[PDB]
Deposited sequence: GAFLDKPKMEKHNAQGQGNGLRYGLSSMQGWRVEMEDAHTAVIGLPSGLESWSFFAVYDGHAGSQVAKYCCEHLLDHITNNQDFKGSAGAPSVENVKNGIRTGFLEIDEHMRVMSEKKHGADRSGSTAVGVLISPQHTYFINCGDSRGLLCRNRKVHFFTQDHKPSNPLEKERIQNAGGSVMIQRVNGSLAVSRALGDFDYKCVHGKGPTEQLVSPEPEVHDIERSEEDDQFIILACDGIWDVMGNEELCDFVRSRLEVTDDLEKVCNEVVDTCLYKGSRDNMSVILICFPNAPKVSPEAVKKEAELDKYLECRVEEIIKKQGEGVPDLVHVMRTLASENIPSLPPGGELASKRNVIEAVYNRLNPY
């Protein structure tokens, strides 16, 4: 299968600000032979929704086609249907939720007809996770096993529930559609129960679009915004979540925000940390900060400089037969060094350690 001999570490970054928001994002191919993640990040939506913003991560499988079409058109499919448009002037909460549902079903069918029409060869699919942010609400959207969370008052206030085939209601739909869940996979193949695309899994006669083996139906949750307490939102594919839990990553991110306000850098730190914790998948993360996100702290910046210098000295000493980097890391780990970043741990300091190691053993 895939797997490069060495991971592609190149970061693709973007950032932006507006509507009281700031964001950064990072995508990295990592160990995989292809990059099949995509993302959307837009502040200010068309058609009278200038005060709105939209962010999403798409984890494509068996190709990038579906993920790429979604990252460019999911939003307009959501906002440009009668369900979303309700309505008086501003969409009600129901307009928004129904509009998102219709947008997923409609883009799915749209891609299906395009593929049938142009004799598409690909059999790809994609997850989608995102947030539609209005002046007063954050609407979390989830379809698949990517995941998003909201940090409010230093805690995980909300996170999306991953759609896995073994989940009781998912298993039930799958069985009723003539399939089975083998371990964690639909018919022993697909590890997600919900996705756009995967049209081979949506051919069950006598079942509606949301009753197929794989469903395009999103789960939507309206969270009323709190100007005082809302801190940040994280959206990421399973390349991140496979190796860091909700509270770990939330704690980690807060730790990094106390040290820098460069959101691209924070996202890069998350991605590298997850690579160093063993993630061999494509990785994409979007970090969206609200006005009361944690601020850079002079003491936090100092502590980090102290930790980095401490690590540099340890490496100098450990290096003295000249151990390889793997062995230096192993030694460092056995020392149970205090004050490492929460969640990120030693893996989150590997770039610092490797930089020193490289200076001392450049060949």
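- Positions of the deposited sequence absent from the coordinates form one stretch: 321-324.
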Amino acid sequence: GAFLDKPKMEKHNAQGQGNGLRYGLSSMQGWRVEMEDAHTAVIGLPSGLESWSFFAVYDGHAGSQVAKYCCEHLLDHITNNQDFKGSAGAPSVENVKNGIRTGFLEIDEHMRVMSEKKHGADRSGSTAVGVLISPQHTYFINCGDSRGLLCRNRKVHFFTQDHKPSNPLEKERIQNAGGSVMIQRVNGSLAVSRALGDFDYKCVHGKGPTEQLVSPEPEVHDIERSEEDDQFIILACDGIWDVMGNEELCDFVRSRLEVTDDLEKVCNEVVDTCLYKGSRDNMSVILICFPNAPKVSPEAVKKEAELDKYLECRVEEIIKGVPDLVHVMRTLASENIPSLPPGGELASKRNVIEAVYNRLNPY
From here on, numbers count along this sequence of modelled residues.
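In this text, the rigid core denotes the largest set of C-alpha atoms whose superposition between the two forms falls within 1.5 Å.
- Rigid core fits of the other structures in 6 other deposited structures of this protein place the C-alpha atoms of one stretch farther away on average; of 123-131 and 85-93, that stretch is 85-93.
- Taking the mean C-alpha B-factor of each stretch as recorded, 262-270 and 172-180 are not equal, and the higher mean is that of 172-180.
- In this entry, 86-94 shows the higher mean Cα temperature factor of the pair 223-231 and 86-94.
- Highest C-alpha temperature factor among 40, 53, 47, 26, as the PDB entry reports it: 47.
- Note on 66, 57, 300, 329: the highest value goes to 329, judged by CA B factor as recorded.
- Annotation for residue 79: C-alpha temperature factor in the highest third relative to the rest of the modelled chain, per the entry.
- Sort the chain's modelled residues by C-alpha temperature factor and residue 198 lands in the middle third, per the entry.
- Sort the modelled residues of the chain by CA B factor and residue 323 lands in the highest third.
- Residue 120 sits in the highest third of its chain by CA B factor, as recorded in the PDB entry.
- Ranked within its chain, residue 205 lands in the highest third, by CA B factor from the PDB record.
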